[PDB]
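J.: The following block contains the structure, expressed as structure tokens.
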Number of protein chains: 4
Amino acid sequence: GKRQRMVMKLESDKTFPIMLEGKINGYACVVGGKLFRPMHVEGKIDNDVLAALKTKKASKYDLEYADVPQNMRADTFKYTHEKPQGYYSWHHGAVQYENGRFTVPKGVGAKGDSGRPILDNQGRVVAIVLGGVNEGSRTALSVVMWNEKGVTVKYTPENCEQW
Amino acid sequence: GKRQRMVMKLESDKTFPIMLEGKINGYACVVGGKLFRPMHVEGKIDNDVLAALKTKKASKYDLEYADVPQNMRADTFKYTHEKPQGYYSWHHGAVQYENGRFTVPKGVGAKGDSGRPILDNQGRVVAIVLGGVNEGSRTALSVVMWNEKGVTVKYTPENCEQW
Amino acid sequence: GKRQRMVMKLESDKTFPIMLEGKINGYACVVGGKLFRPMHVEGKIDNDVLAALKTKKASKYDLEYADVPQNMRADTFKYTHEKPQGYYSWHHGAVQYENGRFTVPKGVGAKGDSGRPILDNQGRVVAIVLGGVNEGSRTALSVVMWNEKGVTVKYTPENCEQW
Amino acid sequence: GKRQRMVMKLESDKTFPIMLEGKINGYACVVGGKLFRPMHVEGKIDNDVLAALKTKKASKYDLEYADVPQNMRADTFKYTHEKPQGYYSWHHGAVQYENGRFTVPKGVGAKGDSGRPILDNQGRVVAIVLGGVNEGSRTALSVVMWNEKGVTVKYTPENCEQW
């Protein structure tokens, strides 16, 4: 109920969709002065400022990143590495964090909702949704996250389908 | 009144539009395990399953056809060859079948409504609208239909304009 | 207030926005039987009648221009050479005319604001906005206009922005 | 409707239809003491005295001028050259005169209503309608008229059809 409204209020201005002949196939992320955007989602950036840049690539970590200018670094997402197990907020409701794995209940999940960040009860991004795999009743996510040392860890289960 | 509501209830899930940079220019048809789609309507299929296939072509009969998989063959249109003369249901109201010819009263008919199937009082597809020609007050249709033997007959009046 | 509403009634009929991939970049004006389009604005005019017409270019005055078809010639704007000082109308409120300089109170005027015809106290076009600069607490504009002889005159302040 | 009563009551005495097989093709006008009749209109004058004349041809201006007998020189239209902008009183209502061009709202104007005079608010002929073209929502007219020098001037828009 109110969780989706809080997601729409937090991700209103900072989330920009990716257009491809009128089709919405992905979402970029503006956090820490960096613009995260995946490889398989191909299209034009809806924002005029973020589209006229050059994104350095990382095909192993499946991420394109760029440098957000200084006049927009205050209006970004927050990020942290301290995260316990339990529940977190996602755009379609809740997501479970168990044994270092993000799980989403079934019914939701198609092609197009790639790049949506995972939020917490305070308002900090803990993961970035990149893919998903159907596991019985409860699907698992293939995402990226950080740690205490500062190494971007990409978690990928078996036989995932890119969204 | 209720005829357009019955057309919208029957053609809700089985009719998929064709997109071309946000413009709706045609409609495919899923009937008999086959995906009918014309030549002159060019664009991407809005459905994700039907777009990732290969359609065999027939330029003389003006039809591209493909094989719908077995998990969707039950959710198709119905088709028959037994047709009398008189009235039939169409998306913009009624259509007259006289002397083996489909006629539509004027006022309706533009570029974009190509591929809409013609239904009957029971719910079976009897023809597929491909083109139209303005004849006095009452326009004629250039369509395809079947017969008792099983030969796809394409009926085309003189000086038609493709929609 | 009141002034903007009759301007909206005029712009709904004859001022046509351009179609960039998701947004509006500029506005084509149809005045006196001659379609006008700015150069730095790139896209497609919404009418399929006004899209097919090939435009001649005038790089000194920053405007493509083409010939209007004969049916559309009565449904055009009107143009006036004589402009006294005071207040004129515009889509975003009012515009001051002082010492031959169309100036606008600030906060309005950004990207996607190009080709909007400045109207008068009768409904005739006296200028066409191409951009402007923020002159302190009040922004001035860079318009083309007309004089008594029939000579298209462009005025542009220092370091204007192509909107 | 009050101006059309004035036009009909002035045309009841001084306007003569040119009938071919009973069908109206045009109107002879007796203005200023000389008979006027267009070229392309075929038939004979309804008045018996005017039909037995030798009309001198003038093929450029689409007119066939004649002379009026002395007993009929007082029963003629008066005319003028003076024409400010605004409205004038045609046979079917009003006619706009802007930028040196007579325009009628559309629909009216077919084969037959040629040679009709255009009156002013005083009761003087300022133009003689020959033909016109439909510029969409308003029809420009091809007329002959006079000027301050005393010279017959014909105005002709593009692609005018002879009425």
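Chain lettering (A, B, ...) mirrors the order of the structure tokens, residue numbering begins at 1 for each chain separately, and ligand numbering begins at 1 in order of display.
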Give me the least-squares superposed chain A (reference chain D; all C-alpha atoms paired in order) as a short mmCIF file (atom, residue, chain, number, x, y, z; two decimals) with N, CA and C atoms, in the first residue's frame.

T.:
```cif
data_model
loop_
_atom_site.label_atom_id
_atom_site.label_comp_id
_atom_site.auth_asym_id
_atom_site.auth_seq_id
_atom_site.Cartn_x
_atom_site.Cartn_y
_atom_site.Cartn_z
N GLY A 1 -29.99 38.11 -42.96
CA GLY A 1 -31.42 38.35 -42.86
C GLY A 1 -31.90 39.47 -43.76
N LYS A 2 -31.73 40.71 -43.30
CA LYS A 2 -32.17 41.86 -44.07
C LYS A 2 -31.19 42.24 -45.18
N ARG A 3 -29.96 41.72 -45.12
CA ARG A 3 -28.97 42.04 -46.14
C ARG A 3 -29.33 41.41 -47.48
N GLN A 4 -29.82 40.16 -47.46
CA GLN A 4 -30.29 39.52 -48.68
C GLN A 4 -31.53 40.21 -49.23
N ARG A 5 -32.38 40.74 -48.35
CA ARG A 5 -33.55 41.49 -48.80
C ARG A 5 -33.14 42.81 -49.45
N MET A 6 -32.10 43.46 -48.92
CA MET A 6 -31.60 44.68 -49.54
C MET A 6 -30.93 44.39 -50.89
N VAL A 7 -30.25 43.25 -51.00
CA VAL A 7 -29.67 42.85 -52.28
C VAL A 7 -30.78 42.55 -53.30
N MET A 8 -31.85 41.89 -52.87
CA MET A 8 -32.97 41.62 -53.78
C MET A 8 -33.74 42.89 -54.14
N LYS A 9 -33.76 43.89 -53.26
CA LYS A 9 -34.42 45.14 -53.61
C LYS A 9 -33.56 46.01 -54.52
N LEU A 10 -32.24 45.97 -54.37
CA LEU A 10 -31.39 46.78 -55.23
C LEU A 10 -31.17 46.12 -56.59
N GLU A 11 -31.00 44.80 -56.62
CA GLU A 11 -30.74 44.07 -57.85
C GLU A 11 -32.00 43.45 -58.46
N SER A 12 -33.17 44.07 -58.27
CA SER A 12 -34.41 43.51 -58.79
C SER A 12 -34.55 43.74 -60.30
N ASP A 13 -34.57 45.01 -60.71
CA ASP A 13 -34.81 45.34 -62.11
C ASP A 13 -33.53 45.42 -62.94
N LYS A 14 -32.40 45.75 -62.32
CA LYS A 14 -31.16 45.97 -63.05
C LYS A 14 -30.38 44.70 -63.36
N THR A 15 -30.70 43.59 -62.71
CA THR A 15 -30.00 42.33 -62.92
C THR A 15 -30.84 41.42 -63.82
N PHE A 16 -30.27 41.00 -64.94
CA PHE A 16 -30.94 40.12 -65.88
C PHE A 16 -30.17 38.81 -66.00
N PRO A 17 -30.82 37.66 -65.83
CA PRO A 17 -30.12 36.39 -65.96
C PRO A 17 -29.85 36.02 -67.41
N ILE A 18 -28.96 35.04 -67.59
CA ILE A 18 -28.61 34.51 -68.90
C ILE A 18 -29.19 33.10 -68.99
N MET A 19 -30.01 32.87 -70.00
CA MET A 19 -30.69 31.60 -70.18
C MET A 19 -29.97 30.75 -71.22
N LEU A 20 -29.90 29.44 -70.96
CA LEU A 20 -29.32 28.49 -71.91
C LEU A 20 -30.14 27.21 -71.80
N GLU A 21 -31.15 27.09 -72.68
CA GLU A 21 -32.12 25.98 -72.71
C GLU A 21 -32.82 25.81 -71.37
N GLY A 22 -33.15 26.93 -70.73
CA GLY A 22 -33.83 26.93 -69.45
C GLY A 22 -32.94 26.97 -68.23
N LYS A 23 -31.62 26.94 -68.41
CA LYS A 23 -30.68 26.92 -67.30
C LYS A 23 -30.10 28.31 -67.08
N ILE A 24 -30.05 28.73 -65.82
CA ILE A 24 -29.48 30.02 -65.44
C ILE A 24 -28.01 29.80 -65.11
N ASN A 25 -27.13 30.33 -65.96
CA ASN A 25 -25.70 30.12 -65.80
C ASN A 25 -24.91 31.39 -65.49
N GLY A 26 -25.51 32.57 -65.66
CA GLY A 26 -24.79 33.79 -65.37
C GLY A 26 -25.73 34.97 -65.26
N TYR A 27 -25.14 36.11 -64.87
CA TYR A 27 -25.88 37.35 -64.68
C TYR A 27 -25.07 38.51 -65.24
N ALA A 28 -25.72 39.32 -66.07
CA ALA A 28 -25.07 40.51 -66.60
C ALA A 28 -25.18 41.66 -65.60
N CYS A 29 -24.53 42.78 -65.92
CA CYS A 29 -24.55 43.94 -65.05
C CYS A 29 -24.72 45.20 -65.89
N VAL A 30 -25.65 46.05 -65.47
CA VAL A 30 -25.95 47.30 -66.17
C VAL A 30 -25.49 48.43 -65.26
N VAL A 31 -24.33 49.02 -65.57
CA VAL A 31 -23.76 50.07 -64.73
C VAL A 31 -23.01 51.06 -65.61
N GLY A 32 -23.22 52.35 -65.35
CA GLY A 32 -22.52 53.41 -66.07
C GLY A 32 -22.88 53.54 -67.53
N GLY A 33 -24.04 53.04 -67.93
CA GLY A 33 -24.37 52.94 -69.33
C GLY A 33 -23.68 51.81 -70.05
N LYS A 34 -23.14 50.83 -69.32
CA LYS A 34 -22.40 49.72 -69.89
C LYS A 34 -22.99 48.40 -69.42
N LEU A 35 -22.94 47.40 -70.30
CA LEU A 35 -23.48 46.07 -70.05
C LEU A 35 -22.32 45.09 -69.95
N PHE A 36 -21.93 44.75 -68.73
CA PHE A 36 -20.88 43.78 -68.50
C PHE A 36 -21.44 42.36 -68.51
N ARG A 37 -20.73 41.47 -69.20
CA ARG A 37 -21.15 40.08 -69.43
C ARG A 37 -19.91 39.24 -69.75
N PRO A 38 -19.71 38.12 -69.07
CA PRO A 38 -18.46 37.37 -69.24
C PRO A 38 -18.43 36.54 -70.51
N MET A 39 -17.27 35.92 -70.75
CA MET A 39 -17.04 35.11 -71.94
C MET A 39 -17.58 33.70 -71.79
N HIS A 40 -17.23 33.04 -70.68
CA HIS A 40 -17.53 31.62 -70.50
C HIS A 40 -19.02 31.35 -70.31
N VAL A 41 -19.77 32.33 -69.81
CA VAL A 41 -21.22 32.21 -69.73
C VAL A 41 -21.79 32.49 -71.12
N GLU A 42 -22.35 31.46 -71.75
CA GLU A 42 -22.89 31.55 -73.09
C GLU A 42 -24.39 31.29 -73.06
N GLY A 43 -25.15 32.16 -73.72
CA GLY A 43 -26.59 32.03 -73.74
C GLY A 43 -27.23 33.30 -74.25
N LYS A 44 -28.56 33.33 -74.14
CA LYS A 44 -29.36 34.44 -74.61
C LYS A 44 -29.73 35.35 -73.44
N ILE A 45 -29.76 36.66 -73.70
CA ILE A 45 -30.13 37.64 -72.70
C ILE A 45 -31.65 37.61 -72.52
N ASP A 46 -32.09 37.55 -71.25
CA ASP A 46 -33.52 37.48 -70.96
C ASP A 46 -34.22 38.80 -71.31
N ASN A 47 -33.51 39.92 -71.20
CA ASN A 47 -34.07 41.20 -71.60
C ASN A 47 -34.09 41.30 -73.12
N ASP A 48 -35.16 41.91 -73.65
CA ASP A 48 -35.32 42.01 -75.09
C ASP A 48 -34.51 43.18 -75.66
N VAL A 49 -34.31 44.23 -74.87
CA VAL A 49 -33.56 45.39 -75.35
C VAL A 49 -32.06 45.09 -75.38
N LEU A 50 -31.54 44.46 -74.32
CA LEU A 50 -30.11 44.23 -74.22
C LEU A 50 -29.63 43.10 -75.13
N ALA A 51 -30.54 42.23 -75.58
CA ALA A 51 -30.14 41.12 -76.43
C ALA A 51 -29.88 41.54 -77.87
N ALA A 52 -30.57 42.58 -78.36
CA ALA A 52 -30.44 43.01 -79.75
C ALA A 52 -29.41 44.14 -79.87
N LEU A 53 -28.19 43.85 -79.42
CA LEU A 53 -27.08 44.79 -79.49
C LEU A 53 -25.84 44.05 -79.95
N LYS A 54 -24.71 44.76 -79.98
CA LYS A 54 -23.43 44.18 -80.33
C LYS A 54 -22.42 44.53 -79.23
N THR A 55 -21.84 43.50 -78.64
CA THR A 55 -20.95 43.66 -77.49
C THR A 55 -19.50 43.55 -77.94
N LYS A 56 -18.73 44.61 -77.71
CA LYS A 56 -17.29 44.57 -77.92
C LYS A 56 -16.64 43.67 -76.88
N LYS A 57 -15.62 42.93 -77.30
CA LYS A 57 -15.02 41.87 -76.51
C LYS A 57 -13.67 42.29 -75.94
N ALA A 58 -13.32 41.68 -74.81
CA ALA A 58 -11.98 41.82 -74.23
C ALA A 58 -11.68 40.49 -73.54
N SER A 59 -10.91 39.64 -74.23
CA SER A 59 -10.64 38.29 -73.73
C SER A 59 -9.61 38.28 -72.62
N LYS A 60 -8.71 39.26 -72.58
CA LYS A 60 -7.71 39.32 -71.52
C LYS A 60 -8.35 39.74 -70.19
N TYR A 61 -9.24 40.73 -70.23
CA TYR A 61 -9.96 41.17 -69.05
C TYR A 61 -11.25 40.39 -68.81
N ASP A 62 -11.58 39.46 -69.72
CA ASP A 62 -12.71 38.53 -69.60
C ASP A 62 -14.04 39.29 -69.50
N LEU A 63 -14.25 40.26 -70.39
CA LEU A 63 -15.43 41.11 -70.32
C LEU A 63 -15.94 41.46 -71.71
N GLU A 64 -17.25 41.33 -71.90
CA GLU A 64 -17.95 41.92 -73.03
C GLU A 64 -18.71 43.15 -72.55
N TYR A 65 -18.60 44.23 -73.32
CA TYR A 65 -19.21 45.49 -72.92
C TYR A 65 -19.98 46.07 -74.10
N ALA A 66 -21.00 46.86 -73.80
CA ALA A 66 -21.85 47.46 -74.82
C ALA A 66 -22.31 48.83 -74.33
N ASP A 67 -23.12 49.49 -75.15
CA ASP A 67 -23.60 50.84 -74.86
C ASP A 67 -25.09 50.79 -74.55
N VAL A 68 -25.44 51.05 -73.29
CA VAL A 68 -26.85 51.15 -72.90
C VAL A 68 -27.42 52.47 -73.43
N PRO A 69 -28.61 52.48 -74.03
CA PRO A 69 -29.18 53.74 -74.55
C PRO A 69 -29.53 54.71 -73.43
N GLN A 70 -29.78 55.96 -73.85
CA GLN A 70 -29.93 57.08 -72.92
C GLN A 70 -31.19 56.99 -72.08
N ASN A 71 -32.22 56.29 -72.55
CA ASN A 71 -33.47 56.13 -71.81
C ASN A 71 -33.39 55.11 -70.67
N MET A 72 -32.21 54.55 -70.41
CA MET A 72 -32.04 53.55 -69.36
C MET A 72 -30.80 53.84 -68.50
N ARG A 73 -30.04 54.89 -68.81
CA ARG A 73 -28.81 55.20 -68.09
C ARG A 73 -29.06 55.68 -66.67
N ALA A 74 -30.25 56.22 -66.38
CA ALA A 74 -30.56 56.63 -65.02
C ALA A 74 -30.88 55.44 -64.12
N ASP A 75 -31.43 54.38 -64.69
CA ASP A 75 -31.75 53.16 -63.94
C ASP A 75 -30.63 52.14 -64.04
N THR A 76 -29.44 52.52 -63.59
CA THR A 76 -28.27 51.64 -63.57
C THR A 76 -27.76 51.52 -62.14
N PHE A 77 -26.71 50.72 -61.96
CA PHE A 77 -26.03 50.66 -60.68
C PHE A 77 -25.10 51.87 -60.51
N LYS A 78 -24.65 52.06 -59.28
CA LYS A 78 -23.64 53.06 -58.99
C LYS A 78 -22.27 52.40 -58.88
N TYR A 79 -21.22 53.20 -59.04
CA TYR A 79 -19.87 52.67 -59.04
C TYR A 79 -18.93 53.70 -58.43
N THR A 80 -17.91 53.20 -57.74
CA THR A 80 -16.92 54.05 -57.08
C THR A 80 -15.60 53.30 -56.99
N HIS A 81 -14.55 54.05 -56.64
CA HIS A 81 -13.22 53.48 -56.48
C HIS A 81 -12.69 53.57 -55.05
N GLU A 82 -13.28 54.42 -54.22
CA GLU A 82 -12.86 54.55 -52.83
C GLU A 82 -13.39 53.40 -51.99
N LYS A 83 -12.52 52.47 -51.59
CA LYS A 83 -12.99 51.34 -50.79
C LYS A 83 -12.01 50.89 -49.71
N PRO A 84 -12.44 50.97 -48.43
CA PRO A 84 -11.57 50.52 -47.33
C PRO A 84 -11.63 49.02 -47.15
N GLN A 85 -10.82 48.49 -46.23
CA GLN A 85 -10.86 47.07 -45.93
C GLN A 85 -11.99 46.77 -44.94
N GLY A 86 -12.38 45.50 -44.88
CA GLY A 86 -13.42 45.11 -43.95
C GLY A 86 -14.51 44.22 -44.53
N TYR A 87 -15.77 44.63 -44.39
CA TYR A 87 -16.90 43.82 -44.80
C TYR A 87 -17.66 44.50 -45.93
N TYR A 88 -18.27 43.69 -46.79
CA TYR A 88 -19.15 44.18 -47.85
C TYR A 88 -20.31 43.20 -48.02
N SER A 89 -21.35 43.67 -48.69
CA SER A 89 -22.57 42.91 -48.90
C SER A 89 -22.48 42.12 -50.20
N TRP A 90 -22.93 40.87 -50.16
CA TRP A 90 -22.97 40.00 -51.32
C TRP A 90 -24.31 39.28 -51.29
N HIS A 91 -24.69 38.68 -52.42
CA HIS A 91 -26.02 38.10 -52.58
C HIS A 91 -26.27 36.95 -51.60
N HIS A 92 -25.26 36.13 -51.36
CA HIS A 92 -25.32 35.16 -50.27
C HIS A 92 -24.63 35.68 -49.01
N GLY A 93 -24.99 36.88 -48.57
CA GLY A 93 -24.56 37.34 -47.26
C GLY A 93 -23.46 38.38 -47.24
N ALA A 94 -22.30 38.03 -46.69
CA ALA A 94 -21.20 38.96 -46.52
C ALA A 94 -19.96 38.47 -47.27
N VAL A 95 -19.05 39.41 -47.52
CA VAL A 95 -17.78 39.12 -48.18
C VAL A 95 -16.71 39.98 -47.53
N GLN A 96 -15.53 39.40 -47.29
CA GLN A 96 -14.47 40.13 -46.62
C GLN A 96 -13.46 40.66 -47.63
N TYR A 97 -13.05 41.91 -47.43
CA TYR A 97 -12.06 42.58 -48.27
C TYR A 97 -10.83 42.80 -47.40
N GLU A 98 -9.83 41.94 -47.56
CA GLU A 98 -8.61 41.97 -46.77
C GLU A 98 -7.40 41.90 -47.70
N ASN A 99 -6.46 42.83 -47.51
CA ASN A 99 -5.22 42.94 -48.28
C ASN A 99 -5.47 43.06 -49.79
N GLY A 100 -6.54 43.75 -50.17
CA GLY A 100 -6.92 43.83 -51.56
C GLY A 100 -7.45 42.55 -52.15
N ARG A 101 -8.01 41.67 -51.32
CA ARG A 101 -8.50 40.37 -51.77
C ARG A 101 -9.89 40.13 -51.21
N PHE A 102 -10.79 39.64 -52.06
CA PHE A 102 -12.14 39.29 -51.67
C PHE A 102 -12.21 37.82 -51.28
N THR A 103 -12.69 37.56 -50.07
CA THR A 103 -12.81 36.21 -49.53
C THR A 103 -14.24 35.94 -49.09
N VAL A 104 -14.71 34.73 -49.38
CA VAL A 104 -16.06 34.27 -49.07
C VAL A 104 -15.94 33.02 -48.21
N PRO A 105 -16.68 32.90 -47.10
CA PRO A 105 -16.67 31.64 -46.35
C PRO A 105 -17.32 30.51 -47.13
N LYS A 106 -16.94 29.28 -46.80
CA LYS A 106 -17.32 28.12 -47.59
C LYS A 106 -18.78 27.75 -47.36
N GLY A 107 -19.22 26.70 -48.04
CA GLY A 107 -20.62 26.29 -48.03
C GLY A 107 -21.40 26.75 -49.24
N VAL A 108 -21.08 27.94 -49.74
CA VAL A 108 -21.74 28.51 -50.91
C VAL A 108 -20.72 28.58 -52.05
N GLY A 109 -21.22 28.58 -53.28
CA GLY A 109 -20.35 28.62 -54.45
C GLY A 109 -20.48 27.40 -55.33
N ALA A 110 -21.08 27.58 -56.51
CA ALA A 110 -21.30 26.50 -57.46
C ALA A 110 -21.14 27.08 -58.87
N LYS A 111 -21.62 26.34 -59.86
CA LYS A 111 -21.61 26.80 -61.25
C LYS A 111 -22.94 27.49 -61.55
N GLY A 112 -22.88 28.79 -61.84
CA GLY A 112 -24.08 29.52 -62.20
C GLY A 112 -24.16 30.92 -61.61
N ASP A 113 -23.51 31.14 -60.47
CA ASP A 113 -23.53 32.44 -59.81
C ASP A 113 -22.35 33.32 -60.22
N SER A 114 -22.18 33.50 -61.53
CA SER A 114 -21.11 34.32 -62.08
C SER A 114 -21.69 35.61 -62.62
N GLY A 115 -21.09 36.74 -62.24
CA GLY A 115 -21.52 38.05 -62.68
C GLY A 115 -22.26 38.85 -61.63
N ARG A 116 -22.42 38.32 -60.42
CA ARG A 116 -23.10 39.04 -59.36
C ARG A 116 -22.21 40.16 -58.83
N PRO A 117 -22.65 41.41 -58.86
CA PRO A 117 -21.82 42.51 -58.36
C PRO A 117 -21.78 42.54 -56.84
N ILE A 118 -20.67 43.07 -56.32
CA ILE A 118 -20.47 43.21 -54.88
C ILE A 118 -20.84 44.63 -54.48
N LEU A 119 -21.74 44.75 -53.50
CA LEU A 119 -22.25 46.03 -53.04
C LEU A 119 -21.62 46.39 -51.70
N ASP A 120 -21.85 47.64 -51.30
CA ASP A 120 -21.35 48.18 -50.04
C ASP A 120 -22.53 48.61 -49.16
N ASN A 121 -22.22 49.29 -48.06
CA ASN A 121 -23.24 49.76 -47.13
C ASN A 121 -24.02 50.96 -47.66
N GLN A 122 -23.55 51.61 -48.72
CA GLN A 122 -24.25 52.74 -49.32
C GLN A 122 -25.07 52.34 -50.54
N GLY A 123 -24.60 51.37 -51.32
CA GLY A 123 -25.30 50.95 -52.52
C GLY A 123 -24.52 51.12 -53.80
N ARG A 124 -23.19 51.01 -53.75
CA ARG A 124 -22.34 51.16 -54.92
C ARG A 124 -21.60 49.86 -55.21
N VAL A 125 -21.46 49.55 -56.49
CA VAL A 125 -20.77 48.34 -56.93
C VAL A 125 -19.27 48.57 -56.84
N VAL A 126 -18.59 47.69 -56.11
CA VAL A 126 -17.14 47.78 -55.95
C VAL A 126 -16.39 46.70 -56.71
N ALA A 127 -17.03 45.58 -57.04
CA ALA A 127 -16.38 44.49 -57.77
C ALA A 127 -17.45 43.67 -58.47
N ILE A 128 -17.01 42.84 -59.42
CA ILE A 128 -17.89 41.95 -60.17
C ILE A 128 -17.33 40.54 -60.04
N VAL A 129 -18.13 39.62 -59.49
CA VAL A 129 -17.66 38.26 -59.23
C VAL A 129 -17.59 37.49 -60.54
N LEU A 130 -16.40 36.99 -60.86
CA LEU A 130 -16.18 36.19 -62.06
C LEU A 130 -15.78 34.76 -61.77
N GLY A 131 -14.88 34.52 -60.81
CA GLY A 131 -14.52 33.16 -60.47
C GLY A 131 -14.15 32.98 -59.01
N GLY A 132 -13.86 31.76 -58.60
CA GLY A 132 -13.51 31.50 -57.22
C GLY A 132 -12.60 30.30 -57.10
N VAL A 133 -11.78 30.32 -56.05
CA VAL A 133 -10.84 29.25 -55.76
C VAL A 133 -10.93 28.90 -54.28
N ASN A 134 -10.94 27.60 -53.99
CA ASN A 134 -11.10 27.09 -52.63
C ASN A 134 -9.75 27.16 -51.92
N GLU A 135 -9.68 27.94 -50.85
CA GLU A 135 -8.46 28.12 -50.08
C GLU A 135 -8.72 27.74 -48.63
N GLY A 136 -8.40 26.49 -48.28
CA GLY A 136 -8.53 26.03 -46.91
C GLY A 136 -9.98 26.00 -46.46
N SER A 137 -10.32 26.94 -45.58
CA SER A 137 -11.70 27.07 -45.14
C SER A 137 -12.40 28.23 -45.84
N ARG A 138 -11.64 29.22 -46.30
CA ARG A 138 -12.22 30.46 -46.80
C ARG A 138 -11.78 30.71 -48.23
N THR A 139 -12.73 30.64 -49.16
CA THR A 139 -12.43 30.74 -50.58
C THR A 139 -12.08 32.18 -50.96
N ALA A 140 -11.31 32.31 -52.04
CA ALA A 140 -10.94 33.60 -52.59
C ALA A 140 -11.63 33.81 -53.93
N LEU A 141 -11.83 35.08 -54.29
CA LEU A 141 -12.53 35.43 -55.52
C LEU A 141 -11.56 35.97 -56.56
N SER A 142 -11.85 35.67 -57.83
CA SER A 142 -11.16 36.24 -58.98
C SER A 142 -12.13 37.22 -59.63
N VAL A 143 -11.88 38.51 -59.43
CA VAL A 143 -12.84 39.56 -59.78
C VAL A 143 -12.17 40.64 -60.63
N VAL A 144 -12.93 41.68 -60.95
CA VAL A 144 -12.41 42.90 -61.55
C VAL A 144 -12.84 44.08 -60.69
N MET A 145 -12.05 45.14 -60.75
CA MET A 145 -12.32 46.36 -60.01
C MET A 145 -11.66 47.54 -60.71
N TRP A 146 -11.89 48.73 -60.18
CA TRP A 146 -11.33 49.96 -60.74
C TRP A 146 -10.35 50.57 -59.73
N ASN A 147 -9.81 51.73 -60.08
CA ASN A 147 -8.86 52.44 -59.24
C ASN A 147 -9.09 53.94 -59.38
N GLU A 148 -8.19 54.73 -58.79
CA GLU A 148 -8.31 56.18 -58.85
C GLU A 148 -7.92 56.71 -60.23
N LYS A 149 -6.97 56.06 -60.90
CA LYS A 149 -6.53 56.52 -62.21
C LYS A 149 -7.58 56.22 -63.28
N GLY A 150 -8.24 55.07 -63.19
CA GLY A 150 -9.26 54.71 -64.16
C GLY A 150 -8.89 53.50 -64.99
N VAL A 151 -8.12 52.59 -64.41
CA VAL A 151 -7.66 51.39 -65.09
C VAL A 151 -8.37 50.19 -64.47
N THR A 152 -9.04 49.40 -65.31
CA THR A 152 -9.76 48.21 -64.85
C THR A 152 -8.74 47.13 -64.53
N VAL A 153 -8.62 46.80 -63.24
CA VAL A 153 -7.66 45.81 -62.76
C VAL A 153 -8.41 44.50 -62.54
N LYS A 154 -7.90 43.43 -63.13
CA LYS A 154 -8.45 42.09 -62.95
C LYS A 154 -7.58 41.32 -61.97
N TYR A 155 -8.15 40.95 -60.83
CA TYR A 155 -7.43 40.19 -59.81
C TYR A 155 -7.80 38.72 -59.92
N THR A 156 -6.78 37.87 -60.05
CA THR A 156 -6.98 36.44 -60.25
C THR A 156 -5.98 35.64 -59.42
N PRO A 157 -6.45 34.91 -58.41
CA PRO A 157 -5.55 34.03 -57.65
C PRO A 157 -5.15 32.79 -58.45
N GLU A 158 -4.38 31.93 -57.79
CA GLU A 158 -3.81 30.77 -58.45
C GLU A 158 -4.83 29.63 -58.52
N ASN A 159 -4.92 29.01 -59.71
CA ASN A 159 -5.70 27.78 -59.96
C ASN A 159 -7.19 27.98 -59.69
N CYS A 160 -7.75 29.05 -60.24
CA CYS A 160 -9.17 29.32 -60.06
C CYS A 160 -10.02 28.47 -61.00
N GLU A 161 -11.27 28.24 -60.59
CA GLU A 161 -12.25 27.54 -61.40
C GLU A 161 -13.33 28.53 -61.81
N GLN A 162 -13.62 28.60 -63.11
CA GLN A 162 -14.62 29.53 -63.61
C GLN A 162 -16.02 29.04 -63.27
N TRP A 163 -16.87 29.97 -62.85
CA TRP A 163 -18.23 29.64 -62.44
C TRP A 163 -19.24 30.04 -63.52
#
```

J.: Could you please write out, as a PyMOL selection string, every residue of range 58-162 of chain C that DSSP assigns to strand (DSSP E or B)?

T.: chain C and resi 58+63-67+77+79+86-90+93-97+102-105+117-119+125+127-135+138-145+153-154+161-162

J.: If you run DSSP on the backbone, which residues of range 15-112 of chain B are alpha helix (DSSP H), as a VMD selection string?

T.: chain B and resid 48 to 51
